[PDB]
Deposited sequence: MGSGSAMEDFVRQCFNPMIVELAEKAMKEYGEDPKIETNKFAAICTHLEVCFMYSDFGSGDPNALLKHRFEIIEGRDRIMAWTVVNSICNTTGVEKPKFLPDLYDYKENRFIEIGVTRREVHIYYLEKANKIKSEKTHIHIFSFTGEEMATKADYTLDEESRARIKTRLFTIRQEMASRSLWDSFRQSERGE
């Protein structure tokens, strides 16, 4: 139906294949859990943009299989002494020397920030939350990126939102917490 079609028009093949593998892992069907499909693609693409806006400053951990992701986190810990996270984060920042958790929410950015902060309960992992309304929230209000990069992410999220809205998919998507 329409959600899968939108996902295939708007995200590039590699992001789609990754998100489908992420679904198959749990046991989820992208033709059924279409909002989650879309949410997974959107989070993947934001993580990749964030990382590409970096000598590379960021290490992408999101998108790898679990073995490789924990291998990367483990390597970074052993070579920096940075404390190991309890949950797989999304990126490592070699400039600030900290892991980053990236949130993408359809609700208020502060609501989701509190949710993430309460979940990961690690004072060391930096948290950065983007909404589809051009809003952000980050630990200590440290946004890591320069204005143009954060703006490119904001524009892309809002675009995804407006594309769902013109297809009439947005209301189902923002009323669903699935994918956050």
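### Message
So, counting the deposited sequence from position 1, which segments are absent from the coordinates?
### Response
Holes in the chain trace, numbered from 1: 1-4, 59-66.
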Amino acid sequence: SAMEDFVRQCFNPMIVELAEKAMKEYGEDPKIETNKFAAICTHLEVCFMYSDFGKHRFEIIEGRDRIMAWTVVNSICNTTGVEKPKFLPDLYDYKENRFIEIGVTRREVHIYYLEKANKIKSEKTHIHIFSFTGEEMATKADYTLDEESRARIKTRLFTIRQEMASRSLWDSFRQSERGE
From here on, numbers count along this sequence of modelled residues.
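### Query
Mean C-alpha B-factor higher for 122-130, or for 150-158?
In the deposited entry, the stretch with the higher C-alpha B-factor mean is 122-130.
### Message
Regarding 23-31 and 133-141, which shows the higher C-alpha temperature factor on average in the entry?
### Response
The stretch with the larger mean CA B-factor is 23-31.
### Query
C-alpha B factor of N12, ranked within the chain: lowest, middle or highest third?
Middle third, going by the recorded CA B-factors of the chain.
#### Entry: B-factor third for the C-alpha atom of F53 within its chain
Highest third of the chain for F53's C-alpha B-factor.
### Message
Please place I76 in the lowest, middle or highest third of its chain according to the CA B-factor in the PDB entry.
### Response
Its C-alpha B-factor, which the entry lists for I76, ranks in the middle third among residues of this chain.
#### Entry: Position of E83 among the chain's modelled residues by C-alpha B-factor, lowest, middle or highest third
According to the entry, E83 has a C-alpha B-factor in the chain's highest third.
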